[PDB]
>>> print(open('input_10.txt').read())   # compact mmCIF, N, CA and C atoms
# COMPACT_ATOMS: atom_id res chain seq x y z
N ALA A 1 43.32 38.04 17.06
CA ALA A 1 41.88 38.02 17.28
C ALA A 1 41.17 37.49 16.04
N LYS A 2 41.92 37.34 14.96
CA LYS A 2 41.37 36.83 13.71
C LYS A 2 41.17 35.33 13.74
N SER A 3 41.77 34.64 14.72
CA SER A 3 41.63 33.20 14.85
C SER A 3 40.19 32.78 15.13
N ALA A 4 39.42 33.60 15.85
CA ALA A 4 38.00 33.32 16.04
C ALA A 4 37.23 33.48 14.73
N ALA A 5 37.62 34.47 13.92
CA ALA A 5 37.00 34.67 12.61
C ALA A 5 37.28 33.49 11.69
N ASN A 6 38.49 32.94 11.75
CA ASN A 6 38.81 31.80 10.91
C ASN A 6 38.26 30.50 11.47
N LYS A 7 38.06 30.42 12.79
CA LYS A 7 37.32 29.32 13.38
C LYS A 7 35.87 29.32 12.90
N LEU A 8 35.26 30.51 12.88
CA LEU A 8 33.93 30.65 12.30
C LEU A 8 33.95 30.36 10.80
N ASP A 9 35.06 30.65 10.13
CA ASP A 9 35.18 30.35 8.70
C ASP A 9 35.21 28.84 8.45
N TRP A 10 35.93 28.08 9.27
CA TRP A 10 35.92 26.63 9.06
C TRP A 10 34.62 26.00 9.53
N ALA A 11 33.96 26.60 10.53
CA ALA A 11 32.59 26.20 10.85
C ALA A 11 31.66 26.44 9.66
N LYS A 12 31.86 27.54 8.95
CA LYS A 12 31.09 27.78 7.74
C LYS A 12 31.54 26.92 6.57
N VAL A 13 32.76 26.39 6.59
CA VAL A 13 33.16 25.43 5.57
C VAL A 13 32.46 24.09 5.79
N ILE A 14 32.49 23.60 7.03
CA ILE A 14 31.82 22.34 7.34
C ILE A 14 30.30 22.47 7.33
N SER A 15 29.77 23.69 7.35
CA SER A 15 28.36 23.90 7.05
C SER A 15 28.10 24.26 5.60
N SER A 16 29.12 24.67 4.85
CA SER A 16 29.04 24.90 3.42
C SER A 16 29.19 23.61 2.65
N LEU A 17 29.50 22.52 3.35
CA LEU A 17 29.22 21.18 2.83
C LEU A 17 27.76 21.03 2.43
N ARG A 18 26.84 21.69 3.15
CA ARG A 18 25.43 21.69 2.78
C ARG A 18 25.14 22.44 1.49
N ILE A 19 26.03 23.32 1.05
CA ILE A 19 25.85 24.07 -0.19
C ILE A 19 27.12 23.92 -1.03
N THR A 20 27.16 22.87 -1.85
CA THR A 20 28.31 22.61 -2.69
C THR A 20 28.18 23.37 -4.00
N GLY A 21 29.19 24.17 -4.32
CA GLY A 21 29.13 25.00 -5.51
C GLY A 21 29.02 26.47 -5.18
N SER A 22 29.55 26.86 -4.02
CA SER A 22 29.68 28.27 -3.68
C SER A 22 30.70 28.91 -4.61
N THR A 23 30.23 29.84 -5.44
CA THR A 23 31.06 30.36 -6.53
C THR A 23 32.14 31.30 -6.01
N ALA A 24 31.77 32.25 -5.15
CA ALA A 24 32.74 33.26 -4.74
C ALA A 24 32.78 33.51 -3.23
N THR A 25 32.02 32.78 -2.42
CA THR A 25 32.13 32.92 -0.97
C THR A 25 33.41 32.27 -0.47
N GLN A 26 33.70 31.06 -0.95
CA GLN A 26 35.00 30.46 -0.72
C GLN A 26 36.11 31.25 -1.40
N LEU A 27 35.81 31.89 -2.53
CA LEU A 27 36.77 32.81 -3.14
C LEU A 27 36.91 34.08 -2.31
N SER A 28 35.88 34.47 -1.57
CA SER A 28 36.01 35.60 -0.66
C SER A 28 36.91 35.25 0.51
N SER A 29 36.77 34.02 1.04
CA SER A 29 37.72 33.54 2.04
C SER A 29 39.12 33.41 1.47
N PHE A 30 39.23 33.04 0.19
CA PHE A 30 40.51 32.99 -0.50
C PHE A 30 41.15 34.36 -0.59
N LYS A 31 40.37 35.39 -0.94
CA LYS A 31 40.92 36.73 -1.07
C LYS A 31 41.29 37.31 0.29
N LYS A 32 40.51 37.01 1.33
CA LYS A 32 40.87 37.53 2.65
C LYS A 32 42.10 36.83 3.20
N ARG A 33 42.28 35.54 2.90
CA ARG A 33 43.51 34.86 3.29
C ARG A 33 44.69 35.38 2.48
N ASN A 34 44.45 35.71 1.20
CA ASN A 34 45.51 36.20 0.32
C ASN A 34 46.05 37.53 0.82
N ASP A 35 45.17 38.51 1.00
CA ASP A 35 45.70 39.80 1.42
C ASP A 35 46.03 39.85 2.91
N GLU A 36 45.49 38.92 3.72
CA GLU A 36 45.96 38.81 5.10
C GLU A 36 47.39 38.27 5.16
N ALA A 37 47.68 37.23 4.37
CA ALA A 37 49.05 36.75 4.24
C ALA A 37 49.96 37.80 3.64
N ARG A 38 49.44 38.63 2.72
CA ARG A 38 50.23 39.72 2.16
C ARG A 38 50.56 40.77 3.21
N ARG A 39 49.58 41.17 4.02
CA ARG A 39 49.83 42.23 4.99
C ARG A 39 50.69 41.76 6.14
N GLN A 40 50.59 40.48 6.53
CA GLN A 40 51.42 40.03 7.65
C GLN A 40 52.88 39.90 7.23
N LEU A 41 53.14 39.46 5.99
CA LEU A 41 54.51 39.47 5.50
C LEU A 41 54.98 40.89 5.22
N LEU A 42 54.04 41.79 4.95
CA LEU A 42 54.42 43.17 4.69
C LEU A 42 54.83 43.87 5.97
N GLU A 43 54.13 43.59 7.07
CA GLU A 43 54.49 44.21 8.34
C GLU A 43 55.68 43.51 8.99
N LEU A 44 55.85 42.20 8.78
CA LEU A 44 57.04 41.54 9.27
C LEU A 44 58.26 41.88 8.43
N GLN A 45 58.07 42.11 7.14
CA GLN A 45 59.14 42.55 6.25
C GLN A 45 59.54 43.98 6.54
N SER A 46 58.63 44.78 7.09
CA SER A 46 58.88 46.19 7.28
C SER A 46 59.92 46.43 8.37
N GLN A 47 60.87 47.29 8.05
CA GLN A 47 61.82 47.82 9.02
C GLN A 47 61.18 48.96 9.78
N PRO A 48 61.87 49.52 10.78
CA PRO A 48 61.58 50.92 11.10
C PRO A 48 61.96 51.76 9.89
N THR A 49 60.94 52.28 9.20
CA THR A 49 61.09 52.79 7.84
C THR A 49 61.79 54.14 7.88
N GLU A 50 63.12 54.09 7.96
CA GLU A 50 63.92 55.29 8.13
C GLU A 50 65.35 55.02 7.69
N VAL A 51 66.09 56.11 7.51
CA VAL A 51 67.54 56.05 7.36
C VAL A 51 68.16 56.37 8.71
N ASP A 52 69.06 55.50 9.17
CA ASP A 52 69.72 55.71 10.46
C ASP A 52 70.67 56.89 10.37
N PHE A 53 70.23 58.03 10.89
CA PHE A 53 71.04 59.25 10.92
C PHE A 53 72.27 59.12 11.81
N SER A 54 72.22 58.26 12.83
CA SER A 54 73.37 58.09 13.71
C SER A 54 74.45 57.25 13.04
N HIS A 55 74.14 55.99 12.74
CA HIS A 55 75.13 55.11 12.13
C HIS A 55 75.18 55.29 10.62
N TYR A 56 74.09 54.93 9.93
CA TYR A 56 74.08 54.71 8.49
C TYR A 56 74.21 55.99 7.69
N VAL B 1 34.77 39.20 -6.01
CA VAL B 1 34.98 40.63 -5.89
C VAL B 1 34.44 41.14 -4.56
N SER B 2 33.55 40.36 -3.96
CA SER B 2 32.98 40.67 -2.66
C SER B 2 32.52 39.37 -2.01
N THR B 3 31.97 39.49 -0.81
CA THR B 3 31.42 38.34 -0.12
C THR B 3 30.11 37.92 -0.76
N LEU B 4 30.16 36.89 -1.60
CA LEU B 4 28.99 36.38 -2.31
C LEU B 4 28.11 35.63 -1.31
N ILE B 5 26.83 35.48 -1.66
CA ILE B 5 25.84 35.12 -0.65
C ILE B 5 24.81 34.09 -1.14
N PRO B 6 25.14 32.80 -1.24
CA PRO B 6 24.09 31.76 -1.20
C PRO B 6 24.01 30.95 0.09
N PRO B 7 23.92 31.53 1.34
CA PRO B 7 23.51 30.63 2.44
C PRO B 7 22.05 30.76 2.84
N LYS B 8 21.36 31.75 2.29
CA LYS B 8 20.13 32.24 2.88
C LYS B 8 19.07 32.48 1.82
N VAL B 9 19.13 31.75 0.72
CA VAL B 9 18.29 32.00 -0.44
C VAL B 9 17.27 30.87 -0.43
N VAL B 10 17.00 30.34 0.77
CA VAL B 10 16.11 29.21 0.95
C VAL B 10 14.65 29.63 0.90
N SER B 11 14.35 30.91 1.16
CA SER B 11 12.98 31.37 1.37
C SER B 11 12.16 31.30 0.09
N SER B 12 12.77 31.61 -1.05
CA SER B 12 12.10 31.50 -2.33
C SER B 12 12.60 30.31 -3.15
N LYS B 13 13.40 29.43 -2.56
CA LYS B 13 13.82 28.21 -3.24
C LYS B 13 12.79 27.11 -3.06
N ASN B 14 12.01 27.15 -1.99
CA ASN B 14 11.29 25.99 -1.49
C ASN B 14 9.97 25.74 -2.21
N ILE B 15 9.85 26.14 -3.48
CA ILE B 15 8.69 25.82 -4.29
C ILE B 15 9.01 24.78 -5.36
N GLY B 16 10.13 24.94 -6.06
CA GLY B 16 10.35 24.20 -7.30
C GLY B 16 10.81 22.77 -7.14
N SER B 17 11.38 22.42 -5.99
CA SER B 17 11.97 21.10 -5.85
C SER B 17 10.90 20.04 -5.64
N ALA B 18 11.29 18.79 -5.84
CA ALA B 18 10.40 17.63 -5.79
C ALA B 18 9.88 17.24 -4.39
N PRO B 19 10.65 17.30 -3.29
CA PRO B 19 10.02 17.06 -1.98
C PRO B 19 9.07 18.15 -1.53
N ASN B 20 9.10 19.32 -2.17
CA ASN B 20 8.12 20.36 -1.87
C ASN B 20 6.72 19.95 -2.32
N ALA B 21 6.62 19.37 -3.52
CA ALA B 21 5.32 18.93 -4.03
C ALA B 21 4.79 17.74 -3.23
N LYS B 22 5.68 16.81 -2.86
CA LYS B 22 5.27 15.71 -2.00
C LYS B 22 4.87 16.20 -0.62
N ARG B 23 5.57 17.22 -0.11
CA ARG B 23 5.26 17.76 1.21
C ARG B 23 3.91 18.46 1.22
N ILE B 24 3.63 19.27 0.20
CA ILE B 24 2.33 19.94 0.14
C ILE B 24 1.22 18.98 -0.25
N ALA B 25 1.56 17.82 -0.80
CA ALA B 25 0.56 16.77 -0.94
C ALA B 25 0.21 16.17 0.42
N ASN B 26 1.22 15.72 1.16
CA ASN B 26 0.93 14.87 2.31
C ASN B 26 0.66 15.64 3.60
N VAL B 27 0.95 16.94 3.67
CA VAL B 27 0.42 17.69 4.81
C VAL B 27 -1.08 17.91 4.64
N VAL B 28 -1.56 17.90 3.39
CA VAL B 28 -3.00 17.92 3.16
C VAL B 28 -3.57 16.52 3.36
N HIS B 29 -2.78 15.49 3.06
CA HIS B 29 -3.27 14.12 3.20
C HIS B 29 -3.44 13.69 4.66
N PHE B 30 -2.78 14.34 5.60
CA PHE B 30 -2.72 13.81 6.96
C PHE B 30 -3.77 14.37 7.91
N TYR B 31 -4.34 15.55 7.65
CA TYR B 31 -5.17 16.15 8.69
C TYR B 31 -6.57 15.55 8.73
N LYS B 32 -7.17 15.26 7.58
CA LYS B 32 -8.55 14.80 7.54
C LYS B 32 -8.65 13.29 7.72
N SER B 33 -7.52 12.60 7.80
CA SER B 33 -7.52 11.18 8.11
C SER B 33 -7.98 10.95 9.54
N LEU B 34 -8.96 10.06 9.70
CA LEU B 34 -9.53 9.79 11.02
C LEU B 34 -8.53 9.00 11.87
N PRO B 35 -8.41 9.32 13.17
CA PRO B 35 -7.23 8.87 13.95
C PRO B 35 -7.08 7.38 14.20
N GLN B 36 -8.06 6.74 14.83
CA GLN B 36 -7.88 5.39 15.36
C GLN B 36 -9.09 4.52 15.06
N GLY B 37 -9.58 4.59 13.82
CA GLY B 37 -10.73 3.80 13.43
C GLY B 37 -12.02 4.46 13.85
N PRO B 38 -11.98 5.77 14.08
CA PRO B 38 -13.17 6.49 14.52
C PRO B 38 -14.18 6.66 13.39
N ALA B 39 -15.45 6.85 13.80
CA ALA B 39 -16.63 7.04 12.95
C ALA B 39 -16.78 5.90 11.96
N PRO B 40 -16.65 4.65 12.39
CA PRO B 40 -16.77 3.53 11.46
C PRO B 40 -18.22 3.14 11.21
N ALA B 41 -19.12 3.63 12.07
CA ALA B 41 -20.56 3.34 12.07
C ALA B 41 -20.82 1.83 12.14
N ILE B 42 -20.42 1.25 13.27
CA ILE B 42 -20.51 -0.20 13.45
C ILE B 42 -21.92 -0.70 13.73
N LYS B 43 -22.87 0.20 13.98
CA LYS B 43 -24.25 -0.17 14.24
C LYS B 43 -25.16 0.56 13.27
N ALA B 44 -25.88 -0.20 12.45
CA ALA B 44 -26.81 0.38 11.48
C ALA B 44 -27.91 -0.63 11.19
N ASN B 45 -29.12 -0.13 10.95
CA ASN B 45 -30.28 -0.98 10.68
C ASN B 45 -31.22 -0.24 9.75
N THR B 46 -31.59 -0.88 8.64
CA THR B 46 -32.57 -0.35 7.69
C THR B 46 -33.51 -1.45 7.23
N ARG B 47 -33.80 -2.41 8.12
CA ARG B 47 -34.63 -3.62 7.97
C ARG B 47 -34.00 -4.67 7.06
N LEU B 48 -32.86 -4.34 6.45
CA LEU B 48 -32.05 -5.29 5.71
C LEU B 48 -30.57 -5.11 6.00
N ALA B 49 -30.19 -4.14 6.84
CA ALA B 49 -28.78 -3.81 7.04
C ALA B 49 -28.09 -4.74 8.03
N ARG B 50 -28.83 -5.31 8.99
CA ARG B 50 -28.21 -6.26 9.92
C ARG B 50 -27.84 -7.56 9.21
N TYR B 51 -28.58 -7.91 8.16
CA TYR B 51 -28.21 -9.01 7.27
C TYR B 51 -26.84 -8.78 6.64
N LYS B 52 -26.60 -7.56 6.15
CA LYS B 52 -25.31 -7.18 5.59
C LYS B 52 -24.21 -7.17 6.65
N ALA B 53 -24.49 -6.58 7.81
CA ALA B 53 -23.47 -6.42 8.84
C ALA B 53 -23.12 -7.75 9.49
N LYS B 54 -24.05 -8.71 9.49
CA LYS B 54 -23.77 -10.02 10.05
C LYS B 54 -23.17 -10.96 9.02
N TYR B 55 -23.45 -10.74 7.74
CA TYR B 55 -23.08 -11.70 6.70
C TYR B 55 -22.09 -11.17 5.68
N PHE B 56 -22.23 -9.93 5.24
CA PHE B 56 -21.58 -9.46 4.02
C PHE B 56 -20.47 -8.44 4.28
N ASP B 57 -19.87 -8.49 5.47
CA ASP B 57 -18.67 -7.72 5.74
C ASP B 57 -17.45 -8.56 5.38
N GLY B 58 -16.26 -7.96 5.49
CA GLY B 58 -15.04 -8.69 5.19
C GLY B 58 -14.61 -9.66 6.27
N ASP B 59 -15.23 -9.58 7.45
CA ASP B 59 -14.90 -10.49 8.54
C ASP B 59 -15.43 -11.89 8.25
N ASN B 60 -16.74 -12.02 8.08
CA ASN B 60 -17.32 -13.33 7.76
C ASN B 60 -17.11 -13.66 6.29
N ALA B 61 -17.72 -12.86 5.41
CA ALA B 61 -17.53 -12.86 3.95
C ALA B 61 -17.81 -14.22 3.32
N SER B 62 -18.72 -15.00 3.89
CA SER B 62 -19.02 -16.32 3.39
C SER B 62 -20.25 -16.28 2.48
N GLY B 63 -20.23 -17.15 1.46
CA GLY B 63 -21.29 -17.20 0.47
C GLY B 63 -22.51 -18.00 0.87
N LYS B 64 -22.54 -18.53 2.10
CA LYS B 64 -23.70 -19.27 2.60
C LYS B 64 -25.04 -18.53 2.58
N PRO B 65 -25.13 -17.19 2.78
CA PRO B 65 -26.41 -16.52 2.49
C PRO B 65 -26.90 -16.66 1.06
N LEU B 66 -25.98 -16.74 0.08
CA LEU B 66 -26.38 -17.12 -1.28
C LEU B 66 -27.00 -18.51 -1.28
N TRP B 67 -26.41 -19.43 -0.52
CA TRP B 67 -27.04 -20.70 -0.16
C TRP B 67 -28.46 -20.49 0.35
N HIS B 68 -28.61 -19.59 1.33
CA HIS B 68 -29.94 -19.23 1.81
C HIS B 68 -30.76 -18.59 0.70
N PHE B 69 -30.11 -17.76 -0.12
CA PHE B 69 -30.78 -17.23 -1.31
C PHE B 69 -31.15 -18.34 -2.27
N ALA B 70 -30.26 -19.32 -2.44
CA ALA B 70 -30.61 -20.52 -3.20
C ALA B 70 -31.74 -21.26 -2.51
N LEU B 71 -31.67 -21.35 -1.18
CA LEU B 71 -32.76 -21.91 -0.40
C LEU B 71 -34.02 -21.07 -0.55
N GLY B 72 -33.86 -19.75 -0.69
CA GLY B 72 -34.99 -18.89 -0.98
C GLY B 72 -35.64 -19.23 -2.31
N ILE B 73 -34.82 -19.57 -3.31
CA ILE B 73 -35.39 -20.03 -4.58
C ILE B 73 -36.00 -21.41 -4.39
N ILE B 74 -35.40 -22.23 -3.51
CA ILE B 74 -36.04 -23.48 -3.11
C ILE B 74 -37.31 -23.17 -2.32
N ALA B 75 -37.31 -22.06 -1.58
CA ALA B 75 -38.56 -21.56 -1.02
C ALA B 75 -39.48 -21.01 -2.10
N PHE B 76 -38.93 -20.42 -3.16
CA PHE B 76 -39.76 -19.76 -4.18
C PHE B 76 -40.25 -20.74 -5.24
N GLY B 77 -39.32 -21.28 -6.04
CA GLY B 77 -39.70 -21.99 -7.25
C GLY B 77 -40.41 -23.29 -7.00
N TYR B 78 -40.00 -24.02 -5.95
CA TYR B 78 -40.72 -25.20 -5.52
C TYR B 78 -42.14 -24.85 -5.09
N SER B 79 -42.31 -23.71 -4.41
CA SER B 79 -43.66 -23.23 -4.11
C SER B 79 -44.37 -22.81 -5.39
N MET B 80 -43.61 -22.30 -6.37
CA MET B 80 -44.17 -22.06 -7.69
C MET B 80 -44.54 -23.37 -8.37
N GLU B 81 -43.81 -24.45 -8.04
CA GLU B 81 -44.26 -25.80 -8.38
C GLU B 81 -45.65 -26.06 -7.82
N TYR B 82 -45.84 -25.72 -6.54
CA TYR B 82 -47.16 -25.79 -5.90
C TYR B 82 -48.16 -24.83 -6.52
N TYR B 83 -47.70 -23.82 -7.26
CA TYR B 83 -48.59 -22.93 -7.98
C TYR B 83 -48.77 -23.35 -9.44
N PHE B 84 -47.88 -24.18 -9.98
CA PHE B 84 -47.97 -24.59 -11.38
C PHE B 84 -48.23 -26.08 -11.54
N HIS B 85 -47.38 -26.93 -10.97
CA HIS B 85 -47.40 -28.34 -11.30
C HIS B 85 -47.19 -29.20 -10.06
>>> encode(input="input_10.txt", output="structure tokens")
Amino acid sequence: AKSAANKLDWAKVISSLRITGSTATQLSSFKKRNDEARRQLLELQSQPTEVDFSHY
Amino acid sequence: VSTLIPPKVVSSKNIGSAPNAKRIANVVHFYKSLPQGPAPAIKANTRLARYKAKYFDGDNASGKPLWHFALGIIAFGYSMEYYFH
């Protein structure tokens, strides 16, 4: 559902062409992409966080 | 550190820039301008004004009334000849 948010983000990039020199709004998009990429690799990296009592 | 915000700071920006001064000049320049040649006062008479309106506008603009004025001096000084010599 975040794809609509990022569609709105690129709409705001092509409208932020009207304001060149955004100091930290593009950095805010940078930070949200950074920790979004961090959390998606964190949840894909995550196992069922347990020790297998049956086998292991 | 957070979502920074210059998309909407237009409300107090619109004084200092150069098209603002031109804009506040020419919105004042446009309203009192008469639309389509109105109130030109094309008819006027003050016992000498039809002479001006027929002769001394930019349409005709010919110096021949000065000729008539020269003729007036030919009416004047030659008659002063009749008064002097």
>>> closest_atom_pairs(input="input_10.txt", of="chain A", to="chain B", cutoff="6 Å", atoms="only C-alpha atoms", output="CSV")
residue,atom,partner,partner_atom,distance
A:24,CA,B:4,CA,5.4
A:25,CA,B:4,CA,4.9
A:28,CA,B:3,CA,5.4
>>> atom_distance(input="input_10.txt", atom1="atom N of residue 67 of chain B", atom2="atom C of residue 51 of chain B")
12.8 Å
>>> atom_distance(input="input_10.txt", atom1="atom CA of residue 31 of chain A", atom2="atom CA of residue 9 of chain A")
13.0 Å
>>> atom_distance(input="input_10.txt", atom1="atom N of residue 11 of chain B", atom2="atom C of residue 15 of chain A")
15.9 Å
>>> axis_aligned_box(input="input_10.txt", around="segment 1-19 of chain B", padding_each_side="5 Å", output="JSON")
{"center_x": 21.8, "center_y": 29.1, "center_z": -2.2, "size_x": 36.3, "size_y": 34.1, "size_z": 20.2}
>>> decode(input="input_10.txt", residues="segment 46-67 of chain B", atoms="N, CA, C and O atoms", output="short mmCIF file (atom, residue, chain, number, x, y, z; two decimals), in the first residue's frame")
data_model
loop_
_atom_site.label_atom_id
_atom_site.label_comp_id
_atom_site.auth_asym_id
_atom_site.auth_seq_id
_atom_site.Cartn_x
_atom_site.Cartn_y
_atom_site.Cartn_z
N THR B 46 -14.98 77.33 -27.94
CA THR B 46 -14.78 78.47 -27.04
C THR B 46 -14.50 79.74 -27.83
O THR B 46 -13.69 80.57 -27.40
N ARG B 47 -15.12 79.85 -29.02
CA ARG B 47 -15.02 80.91 -30.03
C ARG B 47 -13.66 80.95 -30.73
O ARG B 47 -13.47 81.72 -31.68
N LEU B 48 -12.72 80.11 -30.29
CA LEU B 48 -11.46 79.91 -30.97
C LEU B 48 -11.08 78.43 -31.01
O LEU B 48 -10.03 78.10 -31.57
N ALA B 49 -11.89 77.54 -30.43
CA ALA B 49 -11.52 76.14 -30.30
C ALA B 49 -11.77 75.33 -31.56
O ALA B 49 -11.08 74.33 -31.79
N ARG B 50 -12.75 75.72 -32.38
CA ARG B 50 -12.98 75.02 -33.64
C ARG B 50 -11.84 75.26 -34.63
O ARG B 50 -11.56 74.39 -35.46
N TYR B 51 -11.19 76.42 -34.52
CA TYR B 51 -9.96 76.69 -35.26
C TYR B 51 -8.87 75.67 -34.92
O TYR B 51 -8.22 75.12 -35.82
N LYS B 52 -8.70 75.39 -33.63
CA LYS B 52 -7.74 74.39 -33.17
C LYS B 52 -8.14 72.99 -33.61
O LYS B 52 -7.29 72.22 -34.10
N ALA B 53 -9.41 72.63 -33.45
CA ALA B 53 -9.86 71.28 -33.75
C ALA B 53 -9.87 71.00 -35.25
O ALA B 53 -9.74 69.84 -35.66
N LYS B 54 -10.02 72.03 -36.07
CA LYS B 54 -9.99 71.86 -37.51
C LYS B 54 -8.57 71.95 -38.06
O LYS B 54 -8.27 71.32 -39.08
N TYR B 55 -7.69 72.67 -37.38
CA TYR B 55 -6.37 72.97 -37.93
C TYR B 55 -5.21 72.38 -37.15
O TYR B 55 -4.25 71.89 -37.76
N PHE B 56 -5.26 72.40 -35.82
CA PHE B 56 -4.07 72.22 -35.00
C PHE B 56 -4.08 70.90 -34.22
O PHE B 56 -3.45 70.79 -33.17
N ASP B 57 -4.79 69.90 -34.73
CA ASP B 57 -4.69 68.56 -34.19
C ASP B 57 -3.59 67.80 -34.93
O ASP B 57 -2.99 68.31 -35.88
N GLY B 58 -3.31 66.57 -34.50
CA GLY B 58 -2.30 65.77 -35.16
C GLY B 58 -2.74 65.17 -36.48
O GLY B 58 -1.90 64.65 -37.22
N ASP B 59 -4.04 65.23 -36.78
CA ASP B 59 -4.54 64.70 -38.04
C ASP B 59 -4.14 65.59 -39.21
O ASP B 59 -3.45 65.15 -40.13
N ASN B 60 -4.55 66.86 -39.18
CA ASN B 60 -4.17 67.79 -40.24
C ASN B 60 -2.74 68.26 -40.04
O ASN B 60 -1.86 67.98 -40.85
N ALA B 61 -2.51 68.99 -38.93
CA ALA B 61 -1.19 69.41 -38.43
C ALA B 61 -0.39 70.22 -39.45
O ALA B 61 0.84 70.17 -39.46
N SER B 62 -1.07 70.96 -40.31
CA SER B 62 -0.40 71.73 -41.35
C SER B 62 -0.20 73.17 -40.90
O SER B 62 -1.02 73.75 -40.18
N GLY B 63 0.91 73.76 -41.34
CA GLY B 63 1.27 75.12 -40.97
C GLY B 63 0.61 76.21 -41.77
O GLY B 63 0.93 77.39 -41.54
N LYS B 64 -0.28 75.86 -42.70
CA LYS B 64 -1.02 76.85 -43.48
C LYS B 64 -1.82 77.88 -42.68
O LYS B 64 -1.93 79.02 -43.18
N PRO B 65 -2.42 77.59 -41.51
CA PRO B 65 -2.95 78.70 -40.69
C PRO B 65 -1.92 79.74 -40.28
O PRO B 65 -2.28 80.92 -40.16
N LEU B 66 -0.66 79.34 -40.06
CA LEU B 66 0.41 80.32 -39.91
C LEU B 66 0.53 81.18 -41.15
O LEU B 66 0.73 82.40 -41.05
N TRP B 67 0.42 80.55 -42.33
CA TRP B 67 0.20 81.25 -43.59
C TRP B 67 -0.94 82.25 -43.47
O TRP B 67 -0.76 83.44 -43.78
#
